[PDB]
Structure formats: C-alpha cells, structure tokens
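Engineer: This is the structure, below, for whatever I ask next.
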Protein chains: 2
Amino acid sequence: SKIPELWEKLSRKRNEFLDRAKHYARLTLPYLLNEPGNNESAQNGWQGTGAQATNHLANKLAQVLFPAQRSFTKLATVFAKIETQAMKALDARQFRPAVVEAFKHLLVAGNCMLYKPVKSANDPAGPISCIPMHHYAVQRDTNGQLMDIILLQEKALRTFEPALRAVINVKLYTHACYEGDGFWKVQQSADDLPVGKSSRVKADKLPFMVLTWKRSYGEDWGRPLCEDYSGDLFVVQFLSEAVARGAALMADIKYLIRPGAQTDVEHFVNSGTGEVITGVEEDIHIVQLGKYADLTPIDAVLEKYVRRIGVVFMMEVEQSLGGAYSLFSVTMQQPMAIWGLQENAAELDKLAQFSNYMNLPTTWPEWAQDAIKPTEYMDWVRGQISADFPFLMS
Amino acid sequence: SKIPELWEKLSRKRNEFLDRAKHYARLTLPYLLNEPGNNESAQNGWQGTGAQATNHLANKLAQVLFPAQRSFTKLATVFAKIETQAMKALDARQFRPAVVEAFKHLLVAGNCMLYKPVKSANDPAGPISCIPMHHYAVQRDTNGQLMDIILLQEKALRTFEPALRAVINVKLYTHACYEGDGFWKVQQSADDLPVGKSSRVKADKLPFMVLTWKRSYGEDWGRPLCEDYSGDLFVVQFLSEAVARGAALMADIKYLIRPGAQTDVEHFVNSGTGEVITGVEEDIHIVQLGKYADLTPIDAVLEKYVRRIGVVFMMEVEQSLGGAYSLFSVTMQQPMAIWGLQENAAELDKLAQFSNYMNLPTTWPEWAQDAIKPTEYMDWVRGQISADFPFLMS
C-alpha cells in the first residue's frame with residue numbers, strides 16, 4: 001500500500017531519459033518506444049541507413065556474443081553433463097528473441113530488464129521477458145550499487161495459478177530492495193493491497209536482472225549508442241531530404257510558350273503522331289522546375305557521412321569495439337550462467353607446441369640420440385612452456 | 001578528523017589539471033569527466049574522428065597488453081599451478097573492464113587509480129574499481145615517490161558488514177601516508193569522525209595503485225596523449241564544421257523571378273504535371289544560397305589532417321609507441337601480478353638452433369662421421385649457442 005509513490009518519484013527522474021530515448025528512437029527506430037495506447041507509427045522516414053545499421057549491429061552482437069549452435073580430471077564428464085542440462089534448460093526458456101530485443105533496447109534506449117517468471121500452469125515454459133525502460137524503475141546509489149527495483153506488470157485476471165484470482169486487466173508492482181549483507185526484501189502489491197508475503201532472498205536468486213549499455217558515474221540510468229551519433233544521423237537525414245526533394249522537384253514538367261507565339265496551342269495539342277501545325281521552333285520549350293540544380297557535390301558529403309556511420313557500426317569487434325565484448329562477458333554472460341546452474345538444482349595450444357618441439361630428438365644421430373635424460377628433459381620443456389602436465393612419469 | 005583540509009588543499013592543487021582534462025574531454029569524449037549532477041551530454045559535436053580513434057586505441061592496448069585467452073626443474077610444475085590460481089583470482093574479480101576504463105582515462109584525463117575493495121558479502125566478487133582523477137588526491141615529492149594518497153568514496157548506510165552502522169548516503173575518506181621503511185599508515189574517516197583503526201602496512205599490501213601516462217619532473221599529475229594533438233583535433237573540427245555548414249547552405253534552394261517577367265507565379269504554381277503557362281525561359285532560376293563555393297580543396301587538407309591524426313593514433317606498438325609498453329611493463333603487470341599471487345596467499349629458440357646445428361653429422365662418411373668425441377662436441381656447441389642444457393651426460 002506504500003509502493004506507488006516510490007514508483008512516482010522514480011518516474012519523476014526517469015522522465016528525462018524516457019524523453020531522450022523517444023527522441024532518439026524517432027530518428028532511427030520508431031516502433032521500439034510505443035507506449036500502450038500511443039501507437040506513434042513505425043515509418044522509417046527520409047533516411048533508412050540508421051535503422052538497417054542498428055539492426056545489423058544488434059543482430060551481429062546477438063549472434064557472436066550468444067552463439068546458437070554452441071554453448072557459451074575424472075569430473076570432466078560431470079562438468080560436461082552440468083553444462084549440457086544447463087544449455088538444455090536455457091533452450092527450453094526461449095531466450096534468444098529476448099536477447100535480441102534487449103540488445104535493440106540498449107542500442108536505441110540504453111536500459112532494459114530481463115525478467116524470468118516462475119513456472120506457471122498457463123505458461124509452463126515461462127519465457128524471459130524483455131521489460132523496456134518505461135515499464136520499470138531503478139534507484140542506484142552514488143557508488144553504483146542497485147538500491148531499489150520496481151517492476152510493473154499489467155496482466156489479465158485469469159492469469160494467476162493460485163486462488164489469488166479469488167482474492168483479486170489488473171496492474172501489479174514487484175518491489176525489491178536489499179537491506180544489506182546480500183539480502184533483498186521483495187514484495188508484491190496489487191493496485192493498493194499488498195499481496196503475497198514479503199521474502200528475504202539472496203542476490204543470486206533474484207528473479208530479474210538489469211542491463212545498461214553505457215553508464216556515466218553518478219547516473220542512475222545508462223545512455224544509448226545512437227546518442228553519440230545523433231548529430232551525424234541528423235545531417236544524413238537533412239542531406240537525404242534535400243537530395244530527394246531536389247530530384248522530385250526536377251522530375252516535374254510545366255512546359256512554356258512564348259507570347260506572340262504565331263502558333264495555336266489547341267491544334268498543337270489536340271492531335272498526335274504527326275500532323276501539320278505551322279508553328280515556331282522556340283514555342284513549347286519543356287522547362288521543368290529544377291532544370292539547373294546543384295545536387296552533384298551533395299552526394300559526396302552524403303556518402304562520406306554514411307560511410308563514416310557504417311564504419312562506426314561495422315557494416316570486427318575486439319579491435320573495433322572490444323570493450324562491449326568484455327563488458328557483456330561479465331555483466332550479461334555471468335548472470336545467465338548463474339541462472340542456468342540454479343534452474344537445474346589457451347592451454348591445449350601449449351600441448352600442441354610441446355608436441356611440435358619435443359619431436360626433434362628423432363632424426364638425431366644414434367650416438368647423440370642416446371646419452372639423453374628423458375624425465376628431466378621433458379620436465380624442463382614443460383617448465384619452459386609453463387604447462388600443467390600431470391602426464392609423464394616422475 | 002583532520003583529513004578534509006588536506007583533501008581540500010590537494011584538490012586546489014589538482015584543479016588546474018582537472019580543468020585542462022575537462023577541456024580536452026570536451027573535444028573527443030565528453031562523458032569521461034562527469035561529476036554527479038553535471039551530465040554534460042555525450043555528443044561528438046561537429047567531428048567524430050577523435051572519439052572513434054581514441055576508443056580504438058584504448059581498446060586495442062587493453063586487448064594486447066592484457067590478452068584475455070592466456071595469462072599475461074621439478075618445482076616448475078608447481079610454479080605453473082600458482083600462476084593459474086592467480087589468473088583464477090583475476091577471473092573472479094572482473095578486472096578487464098576496469099583496465100579498459102583506466103586506459104580511457106589515461107588517453108583522455110591522463111590519471112586515475114585502480115582500487116581493490118576488501119571482501120564483503122554485499123558484493124562477494126569485489127570488483128576492482130577504476131576511480132577517476134577528480135575524486136582522489138595524490139601528493140608526491142620532487143623525486144617522484146608517492147607521499148600522500150586521499151580517496152573519497154560514497155555509499156549508502158546499509159553497505160558495511162561490521163557495526164559501523166551501529167556507531168553511525170554517506171561519504172568517507174581514506175588516507176595513506178608512510179613514515180619510511182615502507183611503513184604506511186592508512187586511516188578511514190567519516191566526514192568528521194575517524195572510524196576504524198590506523199593500520200600500518202607494507203608497500204605491497206596497499207589496496208590501490210596509481211596510473212600516469214607521462215609524468216614530468218616535479219609534477220604531481222601526469223599528462224594525457226590528447227594534450228599533444230588538441231590543436232590538430234580543433235583544426236579537424238573547424239574544417240569539418242566548415243564543410244558541413246557549406247553543404248547545408250548549398251542544400252537549401254531559394255528560387256528567383258525577374259522583375260517585369262511577363263509571367264505570373266499564381267498560375268505557374270497552383271497546378272502541375274503539364275499545362276501551358278505563357279511565360280519566359282529566362283525567368284525562374286532556382287538559385288540556391290551557396291551556389292559557387294570553394295569547398296573542393298578543403299577536403300584535401302581535412303583528409304591530410306585526419307590521416308596524420310590516425311597515423312599518430314596508429315589506427316606496431318613496439319615500432320610506433322614502444323615507450324608505453326615498456327612503461328606499463330613496470331606500471332601494471334608487476335603490481336597486478338603481486339596482487340594475484342598475494343590473493344592466493346627467448347631460450348627455446350636456442351634449443352631449436354642447437355638441434356638444427358647438431359643434425360649435420362648424420363650424412364658424413366664413415367671415415368668422417370666417426371673420430372669425433374661426442375661429449376666435448378655437445379658441450380662446445382652448447383657453449384657457442386650459450387645455453388643451459390641439463391640433458392647431456394658429463
């Protein structure tokens with residue numbers, strides 16, 4: 001009963017980033033930020049480079065960072081199992097569309113949540129939901145620890161497994177804040193009545209996780225990548241509009257006849273394929289609106305700018321972006337792995353190099369091949385390579 | 001208790017480099033120096049070459065200098081063991097993004113520190129923090145040894161495992177100063193009340209380390225790479241804005257009509273696709289604003305300047321940079337290796353050349369292959385190669 005005003009005060013500062021995200025989405029991807037009942041169209045606009053570029057970038061990161069085909073001493077078989085059941089459990093949760101939607105949100109808006117619901121009778125799979133920016137709220141301290149999370153869900157009445165439907169389109173809030181020592185108090189509220197029982201949970205077992213693309217110090221919410229090149233995108237839009245408008249204006253036809261033409265237009269017009277008109281050469285001049293134009297050097301600037309944007313968006317990650325790969329290998333891969341393990345219940349090149357280098361004493365002369373100390377030779381070789389080989393005899 | 005005024009004095013000393021760093025970040029990467037409550041955007045402005053170039057350089061140095069895949073006679077195996085352990089300690093500490101952020105500061109701001117937090121249950125990983133230049137304070141002697149270190153941190157009330165909450169958003173200071181023999185006093189204070197106990201530590205046990213890009217003689221703060229080419233960046237920005245403004249001016253059309261035209265615009269406009277207008281060809285020009293311009297040779301100078309900046313940024317480290325690798329040889333891997341080992345608690349080419357050289361006496365005739373003493377031959381070839389081979393018999 002004390003939840004909604006916290007959501008309001010969080011939205012009070014969420015509003016600025018929401019407005020910025022809406023403005024940036026209008027330029028590149030209009031249909032991502034569409035509030036319920038808004039329906040702010042989805043037309044791409046004058047320039048199409050931004051939409052295709054961001055789609056390609058998000059998809060490329062989704063494929064490389066999360067390969068679909070592959071997963072991302074006596075206990076080796078046990079580890080192989082654990083990984084296999086973990087991957088099978090994730091594949092049953094249908095997370096890849098959620099991953100690509102999240103990547104799109106980070107590129108366009110900058111923040112979104114991945115929420116994993118508990119298994120339910122109506123939806124046994126319980127797929128991961130990509131909650132967009134406007135439908136949650138996060139309160140973060142100066143250091144960067146996530147103090148408060150509030151998630152808003154709008155669900156139908158006949159959507160809950162237990163007899164809660166008996167006790168009662170309904171919107172509910174899930175509020176989680178940790179009191180300290182890695183312990184989060186979580187609570188559920190339905191409109192005004194606090195439903196369920198508040199739970200004390202380890203941070204690992206948190207039923208949702210937060211992605212931020214690009215966070216500055218002392219900022220509660222992140223920033224998108226398109227924010228960094230809005231200016232270039234606007235320049236591309238302006239130049240594309242100019243060139244298209246010039247082409248259309250020149251495409252029009254208007255005709256012209258000189259006054260005192262000494263010829264009659266009706267006879268010139270109201271017939272076809274030949275006939276005798278007895279007129280003047282200079283009459284009927286075929287003018288067009290934009291005969292002269294200057295759209296020649298415009299294309300050079302337009303192609304320069306679009307080429308620069310494509311170079312930015314990789315139309316090569318470790319050498320181009322790199323930091324995104326490492327950052328998401330920590331902030332995103334690790335929570336996914338933890339979820340995978342909890343739902344259920346570099347060096348070989350050294351071996352290859354050692355094999356290549358140790359094959360040498362084979363063609364040596366017999367008097368030279370002999371009088372060699374095996375164990376210490378191999379131990380020195382593996383020490384120089386610095387490889388953990390429990391293989392050879394002592 | 002007597003901490004804050006020293007921090008104020010050191011901040012007064014730092015203000016000059018802080019202002020220079022903010023001005024430099026305005027050119028390329030605005031968001032690096034973002035104090036809480038500033039939020040000075042992240043626009044590239046007129047030109048975006050500098051931001052992309054510095055991102056690429058910082059990322060590539062982070063990748064090469066700290067390879068992600070790999071680590072950066074009888075007892076040798078044991079050594080290997082501990083090495084892996086150290087890397088494991090670094091893998092559970094999530095240091096790579098901190099390294100990337102530190103390189104970004106070094107390229108733009110030029111100084112920062114890496115701080116290792118004490119293990120706590122609120123954040124059990126305890127990631128290394130990349131504290132920027134403006135939060136901390138450093139005072140050094142004329143020789144260059146670190147005299148005084150001040151750290152400012154801000155956390156919520158429920159972020160301390162011990163009874164610090166019982167004794168009472170809070171900001172705290174950490175002071176570090178030695179009296180000699182590598183004996184450092186470290187103290188913690190909260191606003192006015194000194195908390196904890198003044199701890200005496202060795203130099204190695206210090207939980208933070210300082211980064212400098214180039215430090216000059218008698219200087220308390222380093223200088224960034226962007227300092228040397230801020231002028232070139234400004235020139236590129238000027239030429240880019242000139243080109244963009246010229247293109248925008250040329251894009252606009254203005255239209256014209258000659259006085260005494262003998263034709264009327266009202267009938268010339270309010271229709272389309274054909275018509276006869278009874279006008280004059282000499283009328284109606286489509287003039288545009290920047291018809292003539294001289295922007296063609298500007299592109300040449302812009303390309304030369306951007307190519308020079310790219311070559312300097314070398315978008316070959318041993319060949320081009322060289323000094324950075326040598327400096328970080330002592331600056332980073334030594335302290336990071338010490339950290340990794342303490343958390344827990346060249347020559348083979350000579351062998352290949354030797355094997356190649358001793359292969360020769362296998363095709364010599366019987367009267368020639370013999371009559372050579374093997375042990376002295378082995379010792380002599382080893383000595384001429386000047387290697388330590390524990391293989392051959394005495």
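FYI, nothing fancy with the structure tokens labels: chains A, B, ... in order, residues from 1 per chain, ligands from 1 as they appear.
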Apply DSSP to the backbone of this structure and, from segment 79-254 of chain A, keep only the residues in helix (DSSP H, G or I); write these as a PyMOL selection string.
Structural biologist: chain A and resi 79-91+96-108+133-135+157-159+164-167+203-205+226-228+230-251
Engineer: Would you mind listing what lies within 9 Å of segment 100-116 of chain B as a ChimeraX atom specification, with only C-alpha atoms counted and same-chain residues fewer than 6 positions away left out?
Structural biologist: /A:323 /B:17-18,20-22,24-25,28-29,32-33,54-55,57-59,61-63,126-134,136,206-214,221-227
Engineer: Pick from A:248, A:42, A:330, A:177: nearest to residue 293 of chain A, with only C-alpha atoms counted?
Structural biologist: A:248
Engineer: Might you pull out every residue within 7 Å of segment 305-318 of chain B, with only C-alpha atoms counted and same-chain residues fewer than 2 positions away left off, and present them as a compact mmCIF listing (two decimals) with C-alpha atoms, in the first residue's frame?
Structural biologist:
```txt
# COMPACT_ATOMS: atom_id res chain seq x y z
CA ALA B 53 40.21 6.83 -32.81
CA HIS B 56 40.03 2.02 -30.90
CA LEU B 57 43.45 2.82 -29.46
CA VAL B 236 39.80 18.95 -37.84
CA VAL B 301 43.53 19.48 -46.09
CA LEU B 302 40.92 17.76 -43.92
CA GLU B 303 41.99 14.34 -45.22
CA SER B 320 55.36 3.27 -33.15
CA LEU B 321 54.60 3.62 -29.43
CA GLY B 322 57.27 1.45 -27.80
```
Engineer: Find the distance between atom CA of residue 140 of chain B and atom CA of residue 9 of chain B and write it in Å to one decimal.
Structural biologist: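 A separation of 13.5 Å between them.
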Engineer: Using only C-alpha atoms, I'd like every residue of chain B that has an atom within 6 Å of chain A; please write them out as a list in words.
Structural biologist: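 Going by the stated atoms only, the list reads residues 36, 42, 43, 56, 59, 60, 69, 70, 73, 76, 80, 97, 121, 122, 154, 155, 158, 251, 273, 274, 275, 276, 277, 278, 279, 359, 362, 391 and 392 of chain B.
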Engineer: Kindly export the residues of the current selection with N, CA, C and O atoms, as a compact mmCIF listing (two decimals), in the first residue's frame.
Structural biologist:
```txt
# COMPACT_ATOMS: atom_id res chain seq x y z
N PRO B 36 28.84 13.95 -10.34
CA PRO B 36 27.41 13.77 -10.05
C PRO B 36 26.67 15.10 -10.06
O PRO B 36 26.99 16.01 -9.30
N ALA B 42 26.86 13.48 -24.29
CA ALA B 42 27.89 12.66 -24.90
C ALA B 42 27.99 12.90 -26.41
O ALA B 42 28.41 11.99 -27.14
N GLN B 43 27.60 14.08 -26.88
CA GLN B 43 27.66 14.38 -28.31
C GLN B 43 29.10 14.43 -28.80
O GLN B 43 30.00 14.92 -28.10
N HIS B 56 39.29 3.11 -30.27
CA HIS B 56 40.03 2.02 -30.90
C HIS B 56 41.39 1.83 -30.25
O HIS B 56 41.80 0.70 -29.96
N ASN B 59 41.05 0.45 -26.62
CA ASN B 59 40.61 -0.94 -26.65
C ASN B 59 41.72 -1.87 -27.12
O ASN B 59 41.90 -2.96 -26.57
N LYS B 60 42.46 -1.47 -28.16
CA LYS B 60 43.49 -2.36 -28.68
C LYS B 60 44.64 -2.51 -27.70
O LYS B 60 45.20 -3.60 -27.55
N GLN B 69 42.57 -14.54 -23.48
CA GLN B 69 42.62 -16.00 -23.54
C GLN B 69 43.72 -16.57 -22.64
O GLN B 69 43.50 -17.55 -21.93
N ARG B 70 44.90 -15.96 -22.67
CA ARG B 70 46.07 -16.51 -21.99
C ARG B 70 46.51 -15.58 -20.86
O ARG B 70 46.12 -14.41 -20.79
N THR B 73 63.90 -27.80 -11.82
CA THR B 73 63.06 -28.25 -12.93
C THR B 73 61.79 -28.92 -12.41
O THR B 73 60.71 -28.74 -12.98
N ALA B 76 59.06 -26.52 -11.25
CA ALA B 76 58.47 -25.67 -12.28
C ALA B 76 56.97 -25.92 -12.41
O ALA B 76 56.18 -24.97 -12.49
N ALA B 80 53.66 -23.34 -12.24
CA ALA B 80 52.52 -23.25 -13.14
C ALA B 80 51.21 -23.23 -12.35
O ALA B 80 50.36 -22.36 -12.56
N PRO B 97 37.23 -4.88 -17.67
CA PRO B 97 36.57 -3.59 -17.92
C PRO B 97 37.19 -2.45 -17.14
O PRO B 97 37.25 -1.32 -17.65
N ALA B 121 30.23 -9.40 1.95
CA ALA B 121 29.09 -10.18 1.49
C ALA B 121 28.14 -9.38 0.62
O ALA B 121 27.37 -9.98 -0.15
N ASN B 122 28.14 -8.05 0.72
CA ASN B 122 27.27 -7.25 -0.13
C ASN B 122 27.63 -7.42 -1.60
O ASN B 122 26.74 -7.55 -2.46
N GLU B 154 31.62 7.16 -1.61
CA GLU B 154 30.26 7.46 -1.18
C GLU B 154 29.41 6.21 -1.31
O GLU B 154 29.27 5.67 -2.41
N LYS B 155 28.84 5.75 -0.20
CA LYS B 155 27.95 4.59 -0.23
C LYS B 155 26.75 4.83 0.68
O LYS B 155 26.75 5.71 1.53
N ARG B 158 23.48 1.19 4.54
CA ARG B 158 23.46 -0.26 4.73
C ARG B 158 24.43 -0.90 3.74
O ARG B 158 24.06 -1.75 2.93
N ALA B 251 22.47 22.91 -49.84
CA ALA B 251 21.26 22.09 -49.93
C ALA B 251 20.01 22.94 -50.08
O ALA B 251 19.09 22.57 -50.82
N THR B 273 2.20 18.86 -63.51
CA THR B 273 2.18 17.76 -64.47
C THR B 273 1.60 18.21 -65.82
O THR B 273 0.54 17.76 -66.24
N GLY B 274 2.32 19.11 -66.48
CA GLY B 274 1.93 19.53 -67.81
C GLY B 274 1.65 21.01 -67.92
O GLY B 274 2.50 21.83 -67.54
N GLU B 275 0.48 21.37 -68.45
CA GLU B 275 0.00 22.75 -68.52
C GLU B 275 0.77 23.57 -69.54
O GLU B 275 1.88 23.21 -69.94
N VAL B 276 0.17 24.67 -69.99
CA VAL B 276 0.86 25.71 -70.76
C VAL B 276 0.74 27.01 -69.97
O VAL B 276 -0.34 27.36 -69.50
N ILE B 277 1.87 27.71 -69.81
CA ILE B 277 1.96 28.78 -68.83
C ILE B 277 2.10 30.17 -69.45
O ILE B 277 1.83 31.16 -68.75
N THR B 278 2.49 30.27 -70.72
CA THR B 278 2.78 31.56 -71.37
C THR B 278 3.75 32.39 -70.53
O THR B 278 3.42 33.47 -70.04
N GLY B 279 4.96 31.86 -70.38
CA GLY B 279 5.98 32.54 -69.60
C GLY B 279 7.21 32.91 -70.40
O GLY B 279 7.14 33.10 -71.62
N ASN B 359 72.28 -31.60 -36.18
CA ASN B 359 71.73 -32.56 -37.13
C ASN B 359 72.73 -32.86 -38.25
O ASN B 359 72.69 -33.96 -38.81
N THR B 362 75.16 -36.50 -39.77
CA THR B 362 74.40 -37.73 -39.97
C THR B 362 74.60 -38.26 -41.38
O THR B 362 74.38 -39.45 -41.64
N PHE B 391 70.60 -31.78 -20.23
CA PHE B 391 70.33 -33.06 -20.86
C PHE B 391 71.55 -33.97 -20.93
O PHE B 391 71.51 -35.11 -20.47
N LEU B 392 72.65 -33.46 -21.49
CA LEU B 392 73.75 -34.33 -21.87
C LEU B 392 74.53 -34.80 -20.65
O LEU B 392 74.54 -34.16 -19.60
```
